[PDB]
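K.L.:
Data file my_file35.txt (compact mmCIF, N, CA and C atoms) is appended below.
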# COMPACT_ATOMS: atom_id res chain seq x y z
N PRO L 8 -10.77 169.62 124.24
CA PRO L 8 -10.30 170.71 123.38
C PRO L 8 -8.78 170.79 123.29
N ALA L 9 -8.12 170.75 124.44
CA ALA L 9 -6.67 170.87 124.47
C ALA L 9 -6.02 169.64 123.85
N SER L 10 -4.88 169.86 123.21
CA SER L 10 -4.11 168.76 122.66
C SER L 10 -3.66 167.82 123.77
N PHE L 11 -3.11 166.68 123.36
CA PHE L 11 -2.61 165.73 124.35
C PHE L 11 -1.31 166.20 124.98
N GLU L 12 -0.47 166.92 124.22
CA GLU L 12 0.78 167.40 124.80
C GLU L 12 0.53 168.55 125.77
N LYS L 13 -0.45 169.41 125.48
CA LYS L 13 -0.77 170.46 126.43
C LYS L 13 -1.34 169.89 127.72
N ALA L 14 -1.95 168.71 127.66
CA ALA L 14 -2.38 168.04 128.89
C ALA L 14 -1.19 167.70 129.77
N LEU L 15 -0.10 167.21 129.18
CA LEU L 15 1.08 166.88 129.97
C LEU L 15 1.73 168.13 130.53
N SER L 16 1.73 169.22 129.77
CA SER L 16 2.25 170.48 130.28
C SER L 16 1.41 171.00 131.44
N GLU L 17 0.09 170.86 131.35
CA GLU L 17 -0.78 171.31 132.44
C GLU L 17 -0.57 170.49 133.70
N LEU L 18 -0.52 169.17 133.57
CA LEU L 18 -0.30 168.33 134.74
C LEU L 18 1.08 168.58 135.32
N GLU L 19 2.08 168.76 134.45
CA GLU L 19 3.43 169.01 134.94
C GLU L 19 3.48 170.25 135.81
N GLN L 20 2.84 171.33 135.37
CA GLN L 20 2.91 172.57 136.13
C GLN L 20 2.06 172.51 137.39
N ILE L 21 1.02 171.68 137.40
CA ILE L 21 0.25 171.48 138.63
C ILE L 21 1.08 170.75 139.67
N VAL L 22 1.72 169.65 139.28
CA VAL L 22 2.47 168.85 140.24
C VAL L 22 3.66 169.62 140.78
N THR L 23 4.29 170.44 139.93
CA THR L 23 5.45 171.20 140.38
C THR L 23 5.06 172.24 141.42
N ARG L 24 4.02 173.03 141.16
CA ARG L 24 3.65 174.06 142.13
C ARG L 24 3.18 173.44 143.43
N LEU L 25 2.56 172.27 143.37
CA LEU L 25 2.04 171.64 144.58
C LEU L 25 3.16 171.05 145.44
N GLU L 26 4.15 170.41 144.82
CA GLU L 26 5.12 169.65 145.59
C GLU L 26 6.01 170.54 146.45
N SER L 27 6.04 171.85 146.20
CA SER L 27 6.74 172.74 147.10
C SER L 27 6.03 172.89 148.44
N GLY L 28 4.78 172.43 148.55
CA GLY L 28 4.09 172.38 149.82
C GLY L 28 3.95 173.72 150.51
N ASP L 29 3.52 174.74 149.77
CA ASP L 29 3.45 176.09 150.31
C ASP L 29 2.17 176.79 149.87
N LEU L 30 1.04 176.10 149.95
CA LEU L 30 -0.25 176.67 149.60
C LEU L 30 -1.25 176.46 150.73
N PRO L 31 -2.31 177.27 150.78
CA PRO L 31 -3.40 176.99 151.72
C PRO L 31 -4.11 175.69 151.38
N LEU L 32 -4.63 175.03 152.42
CA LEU L 32 -5.26 173.73 152.20
C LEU L 32 -6.45 173.84 151.26
N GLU L 33 -7.30 174.84 151.46
CA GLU L 33 -8.49 174.97 150.63
C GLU L 33 -8.16 175.30 149.19
N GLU L 34 -6.95 175.78 148.93
CA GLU L 34 -6.49 176.00 147.57
C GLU L 34 -5.75 174.78 147.04
N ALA L 35 -4.77 174.29 147.79
CA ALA L 35 -3.99 173.15 147.33
C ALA L 35 -4.87 171.93 147.10
N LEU L 36 -5.78 171.65 148.03
CA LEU L 36 -6.64 170.48 147.87
C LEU L 36 -7.63 170.68 146.73
N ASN L 37 -8.13 171.90 146.55
CA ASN L 37 -9.07 172.17 145.47
C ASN L 37 -8.42 171.98 144.11
N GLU L 38 -7.13 172.30 143.99
CA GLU L 38 -6.43 172.06 142.73
C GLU L 38 -6.13 170.57 142.54
N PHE L 39 -5.96 169.82 143.63
CA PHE L 39 -5.76 168.38 143.51
C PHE L 39 -6.89 167.72 142.74
N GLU L 40 -8.11 168.28 142.81
CA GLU L 40 -9.21 167.73 142.03
C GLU L 40 -8.92 167.82 140.54
N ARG L 41 -8.42 168.97 140.08
CA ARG L 41 -8.11 169.12 138.66
C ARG L 41 -7.05 168.12 138.21
N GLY L 42 -6.06 167.87 139.06
CA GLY L 42 -5.01 166.94 138.69
C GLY L 42 -5.54 165.57 138.33
N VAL L 43 -6.51 165.06 139.10
CA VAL L 43 -7.05 163.75 138.80
C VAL L 43 -8.01 163.79 137.61
N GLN L 44 -8.57 164.96 137.30
CA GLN L 44 -9.36 165.09 136.08
C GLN L 44 -8.48 164.99 134.84
N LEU L 45 -7.37 165.73 134.82
CA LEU L 45 -6.48 165.65 133.67
C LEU L 45 -5.90 164.25 133.51
N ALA L 46 -5.45 163.64 134.61
CA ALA L 46 -4.88 162.30 134.52
C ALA L 46 -5.92 161.29 134.07
N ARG L 47 -7.14 161.39 134.61
CA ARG L 47 -8.20 160.48 134.19
C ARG L 47 -8.67 160.79 132.77
N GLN L 48 -8.71 162.08 132.42
CA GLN L 48 -9.09 162.46 131.06
C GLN L 48 -8.03 162.04 130.05
N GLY L 49 -6.77 162.35 130.34
CA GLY L 49 -5.71 162.00 129.41
C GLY L 49 -5.56 160.50 129.22
N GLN L 50 -5.73 159.74 130.30
CA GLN L 50 -5.58 158.29 130.21
C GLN L 50 -6.58 157.69 129.24
N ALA L 51 -7.82 158.17 129.29
CA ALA L 51 -8.87 157.59 128.45
C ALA L 51 -8.55 157.74 126.97
N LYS L 52 -7.98 158.88 126.58
CA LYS L 52 -7.68 159.09 125.17
C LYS L 52 -6.63 158.10 124.68
N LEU L 53 -5.71 157.68 125.55
CA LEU L 53 -4.74 156.66 125.17
C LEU L 53 -5.35 155.26 125.14
N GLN L 54 -6.49 155.05 125.81
CA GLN L 54 -7.24 153.81 125.63
C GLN L 54 -7.80 153.73 124.22
N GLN L 55 -8.27 154.86 123.68
CA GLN L 55 -8.85 154.86 122.35
C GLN L 55 -7.79 154.77 121.26
N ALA L 56 -6.63 155.38 121.48
CA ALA L 56 -5.57 155.31 120.48
C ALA L 56 -4.88 153.95 120.50
N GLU L 57 -4.72 153.36 121.69
CA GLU L 57 -4.08 152.06 121.77
C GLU L 57 -4.93 150.99 121.09
N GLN L 58 -6.25 151.11 121.19
CA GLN L 58 -7.12 150.11 120.59
C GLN L 58 -7.23 150.28 119.08
N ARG L 59 -7.16 151.51 118.57
CA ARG L 59 -7.30 151.71 117.13
C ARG L 59 -6.15 151.05 116.37
N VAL L 60 -4.94 151.10 116.92
CA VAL L 60 -3.81 150.48 116.24
C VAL L 60 -3.98 148.97 116.18
N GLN L 61 -4.48 148.37 117.26
CA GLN L 61 -4.64 146.92 117.28
C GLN L 61 -5.63 146.45 116.22
N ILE L 62 -6.74 147.16 116.07
CA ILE L 62 -7.71 146.81 115.03
C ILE L 62 -7.12 147.08 113.65
N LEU L 63 -6.35 148.16 113.52
CA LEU L 63 -5.81 148.53 112.22
C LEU L 63 -4.63 147.66 111.82
N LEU L 64 -3.85 147.18 112.78
CA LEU L 64 -2.68 146.38 112.47
C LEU L 64 -3.04 144.90 112.32
N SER L 65 -3.89 144.37 113.19
CA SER L 65 -4.31 142.99 113.05
C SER L 65 -5.22 142.84 111.84
N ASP L 66 -5.30 141.61 111.34
CA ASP L 66 -6.07 141.33 110.13
C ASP L 66 -7.56 141.32 110.43
N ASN L 67 -8.05 142.47 110.88
CA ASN L 67 -9.47 142.62 111.16
C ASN L 67 -10.26 142.60 109.86
N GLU L 68 -11.41 141.92 109.89
CA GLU L 68 -12.27 141.84 108.72
C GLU L 68 -13.02 143.15 108.50
N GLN Y 305 10.66 121.65 43.76
CA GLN Y 305 11.81 122.25 44.43
C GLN Y 305 11.47 123.55 45.13
N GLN Y 306 10.34 124.17 44.80
CA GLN Y 306 10.01 125.50 45.28
C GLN Y 306 8.97 125.48 46.40
N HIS Y 307 8.82 124.38 47.11
CA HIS Y 307 7.86 124.35 48.20
C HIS Y 307 8.29 125.32 49.30
N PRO Y 308 7.33 125.90 50.03
CA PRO Y 308 7.67 126.91 51.04
C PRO Y 308 7.95 126.37 52.43
N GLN Y 309 8.12 125.06 52.60
CA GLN Y 309 8.25 124.50 53.94
C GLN Y 309 9.45 125.07 54.67
N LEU Y 310 10.57 125.25 53.98
CA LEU Y 310 11.78 125.72 54.64
C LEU Y 310 11.58 127.12 55.20
N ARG Y 311 10.97 128.01 54.43
CA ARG Y 311 10.78 129.38 54.90
C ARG Y 311 9.73 129.45 56.00
N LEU Y 312 8.72 128.58 55.96
CA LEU Y 312 7.76 128.52 57.05
C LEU Y 312 8.43 128.16 58.36
N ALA Y 313 9.33 127.18 58.33
CA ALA Y 313 9.93 126.68 59.56
C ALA Y 313 10.77 127.74 60.26
N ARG Y 314 11.54 128.51 59.50
CA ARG Y 314 12.35 129.56 60.11
C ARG Y 314 11.48 130.55 60.87
N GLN Y 315 10.29 130.84 60.34
CA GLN Y 315 9.41 131.81 60.98
C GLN Y 315 8.97 131.34 62.36
N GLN Y 316 8.65 130.05 62.50
CA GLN Y 316 8.24 129.54 63.80
C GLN Y 316 9.37 129.68 64.81
N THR Y 317 10.59 129.31 64.42
CA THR Y 317 11.73 129.50 65.30
C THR Y 317 11.97 130.97 65.58
N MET Y 318 11.83 131.81 64.56
CA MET Y 318 12.03 133.24 64.74
C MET Y 318 10.99 133.82 65.69
N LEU Y 319 9.73 133.40 65.55
CA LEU Y 319 8.69 133.90 66.44
C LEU Y 319 8.94 133.49 67.89
N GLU Y 320 9.37 132.25 68.10
CA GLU Y 320 9.62 131.79 69.46
C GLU Y 320 10.63 132.68 70.17
N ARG Y 321 11.69 133.07 69.47
CA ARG Y 321 12.71 133.92 70.08
C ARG Y 321 12.09 135.19 70.65
N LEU Y 322 11.07 135.72 69.98
CA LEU Y 322 10.46 136.96 70.44
C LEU Y 322 9.59 136.73 71.66
N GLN Y 323 8.89 135.60 71.73
CA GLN Y 323 8.07 135.33 72.91
C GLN Y 323 8.92 135.23 74.16
N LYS Y 324 10.08 134.57 74.07
CA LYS Y 324 10.94 134.48 75.23
C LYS Y 324 11.42 135.86 75.66
N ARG Y 325 11.62 136.76 74.71
CA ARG Y 325 11.99 138.12 75.06
C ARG Y 325 10.89 138.79 75.88
N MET Y 326 9.64 138.65 75.45
CA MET Y 326 8.55 139.30 76.17
C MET Y 326 8.45 138.78 77.60
N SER Y 327 8.47 137.46 77.77
CA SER Y 327 8.23 136.90 79.09
C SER Y 327 9.35 137.24 80.05
N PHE Y 328 10.60 137.04 79.64
CA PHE Y 328 11.70 137.38 80.54
C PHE Y 328 11.79 138.88 80.75
N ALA Y 329 11.38 139.67 79.77
CA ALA Y 329 11.29 141.10 79.98
C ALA Y 329 10.25 141.42 81.05
N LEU Y 330 8.99 141.07 80.79
CA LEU Y 330 7.94 141.45 81.72
C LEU Y 330 8.11 140.77 83.07
N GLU Y 331 8.46 139.49 83.09
CA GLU Y 331 8.64 138.81 84.37
C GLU Y 331 9.64 139.55 85.24
N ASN Y 332 10.74 140.01 84.64
CA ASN Y 332 11.77 140.69 85.42
C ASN Y 332 11.32 142.06 85.91
N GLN Y 333 10.52 142.77 85.11
CA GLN Y 333 10.05 144.09 85.55
C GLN Y 333 9.11 143.97 86.75
N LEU Y 334 8.22 142.97 86.76
CA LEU Y 334 7.28 142.82 87.86
C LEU Y 334 7.99 142.56 89.17
N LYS Y 335 9.04 141.74 89.14
CA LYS Y 335 9.78 141.45 90.37
C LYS Y 335 10.50 142.69 90.87
N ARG Y 336 10.91 143.57 89.96
CA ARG Y 336 11.56 144.81 90.38
C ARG Y 336 10.63 145.66 91.23
N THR Y 337 9.37 145.80 90.80
CA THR Y 337 8.41 146.58 91.57
C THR Y 337 7.82 145.78 92.72
N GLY Y 338 7.76 144.46 92.59
CA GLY Y 338 7.38 143.64 93.73
C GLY Y 338 8.34 143.81 94.89
N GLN Y 339 9.62 143.99 94.58
CA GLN Y 339 10.63 144.18 95.61
C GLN Y 339 10.72 145.63 96.05
N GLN Y 340 10.45 146.58 95.15
CA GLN Y 340 10.51 147.99 95.54
C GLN Y 340 9.40 148.34 96.52
N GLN Y 341 8.21 147.78 96.33
CA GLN Y 341 7.12 148.06 97.25
C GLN Y 341 7.31 147.35 98.58
N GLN Y 342 8.13 146.30 98.62
CA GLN Y 342 8.36 145.60 99.88
C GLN Y 342 9.27 146.41 100.80
N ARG Y 343 10.24 147.12 100.23
CA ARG Y 343 11.14 147.92 101.05
C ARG Y 343 10.39 149.05 101.76
N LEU Y 344 9.48 149.72 101.05
CA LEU Y 344 8.74 150.81 101.68
C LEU Y 344 7.83 150.28 102.79
N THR Y 345 7.17 149.15 102.57
CA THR Y 345 6.33 148.59 103.62
C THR Y 345 7.16 148.07 104.78
N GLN Y 346 8.40 147.65 104.53
CA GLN Y 346 9.29 147.29 105.62
C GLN Y 346 9.60 148.51 106.48
N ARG Y 347 9.91 149.64 105.85
CA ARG Y 347 10.19 150.85 106.61
C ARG Y 347 8.96 151.31 107.38
N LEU Y 348 7.77 151.17 106.79
CA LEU Y 348 6.56 151.63 107.46
C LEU Y 348 6.32 150.87 108.75
N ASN Y 349 6.50 149.55 108.74
CA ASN Y 349 6.28 148.78 109.96
C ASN Y 349 7.37 149.01 110.99
N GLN Y 350 8.49 149.64 110.62
CA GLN Y 350 9.48 150.05 111.60
C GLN Y 350 9.05 151.28 112.38
N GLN Y 351 8.09 152.05 111.86
CA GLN Y 351 7.74 153.35 112.40
C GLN Y 351 6.36 153.37 113.07
N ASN Y 352 5.87 152.23 113.55
CA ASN Y 352 4.52 152.21 114.10
C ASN Y 352 4.50 152.89 115.47
N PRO Y 353 3.42 153.60 115.80
CA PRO Y 353 3.40 154.40 117.03
C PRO Y 353 3.14 153.61 118.30
N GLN Y 354 3.06 152.29 118.23
CA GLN Y 354 2.78 151.49 119.43
C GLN Y 354 3.77 151.76 120.56
N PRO Y 355 5.08 151.80 120.34
CA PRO Y 355 6.00 152.05 121.46
C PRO Y 355 5.80 153.40 122.12
Hey, can you dump this file as structure tokens for me?
P.N.:
Amino acid sequence: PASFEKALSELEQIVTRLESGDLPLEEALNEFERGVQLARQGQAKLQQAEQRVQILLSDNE
Amino acid sequence: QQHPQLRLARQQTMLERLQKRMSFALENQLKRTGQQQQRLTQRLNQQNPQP
């Protein structure tokens, strides 16, 4: 649902709040799960965009 | 003395002059748009989102 740029804003604010190292473990670690979801989710969308250009730019039949 | 050969001949030369006008006219116009469309496609390939 969220745009690709809002994904980078979400990950940015997660990494910033975490790196200060001032949260409870059961909270900080539980949020670490979301971080890998956004990074894994965002990465996949760039797999689909990177491939579309190659098919569109190369002389595909 | 009144044969029409002389007037016929001028017409053939006169007609030829007009054909050369058409071809050099149209040939030159096509190259103008052949080159105009190349500049836009050159700019487009400069802006591809790959990077």
K.L.:
What does the structure give for the distance between atom CA of residue Y:310 and atom CA of residue Y:325, in Å to one decimal?
P.N.:
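Between these atoms lies a distance of 23.9 Å.
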K.L.:
Compile the contact shell of stretch 39-52 of chain L as a PDB file with N, CA and C atoms, keeping the file's coordinate frame: residues with an atom at most 6.5 Å away, counting all atoms listed in the file, same-chain residues fewer than 5 positions apart removed.
P.N.:
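Generated file (result-v4.pdb):
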ATOM      1  N   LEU L  18      -0.520 169.170 133.570  1.00  0.00           N
ATOM      2  CA  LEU L  18      -0.300 168.330 134.740  1.00  0.00           C
ATOM      3  C   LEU L  18       1.080 168.580 135.320  1.00  0.00           C
ATOM      4  N   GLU L  34      -6.950 175.780 148.930  1.00  0.00           N
ATOM      5  CA  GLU L  34      -6.490 176.000 147.570  1.00  0.00           C
ATOM      6  C   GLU L  34      -5.750 174.780 147.040  1.00  0.00           C
ATOM      7  N   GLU L  57      -4.720 153.360 121.690  1.00  0.00           N
ATOM      8  CA  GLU L  57      -4.080 152.060 121.770  1.00  0.00           C
ATOM      9  C   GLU L  57      -4.930 150.990 121.090  1.00  0.00           C
TER      10      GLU L  57
END
K.L.:
Work out how far atom C of residue Y:351 is from atom C of residue L:56, in Å to one decimal.
P.N.:
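Value for the atom C of residue L:56-atom C of residue Y:351 distance: 13.5 Å.
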K.L.:
Expressed in Å to a single decimal, how great is the separation between atom C of residue L:12 and atom C of residue L:53?
P.N.:
14.5 Å
K.L.:
Step by step, gather every atom of stretch 54-57 of chain L that the file lists, find the box along x, y and z that holds them, add 3 Å on each side, and finally give centre and edge lengths in Å to one decimal, as JSON.
P.N.:
{"center_x": -6.5, "center_y": 153.2, "center_z": 123.1, "size_x": 10.8, "size_y": 10.4, "size_z": 11.3}
K.L.:
Could you tell me, as a PyMOL selection string, which residues of chain L DSSP assigns to helix (DSSP H, G or I) when given the backbone?
P.N.:
chain L and resi 11-26+32-64
K.L.:
Any idea which chain Y residues end up within 9 Å of chain L if we count only C-alpha atoms, as a VMD selection string please?
P.N.:
chain Y and resid 352 to 354
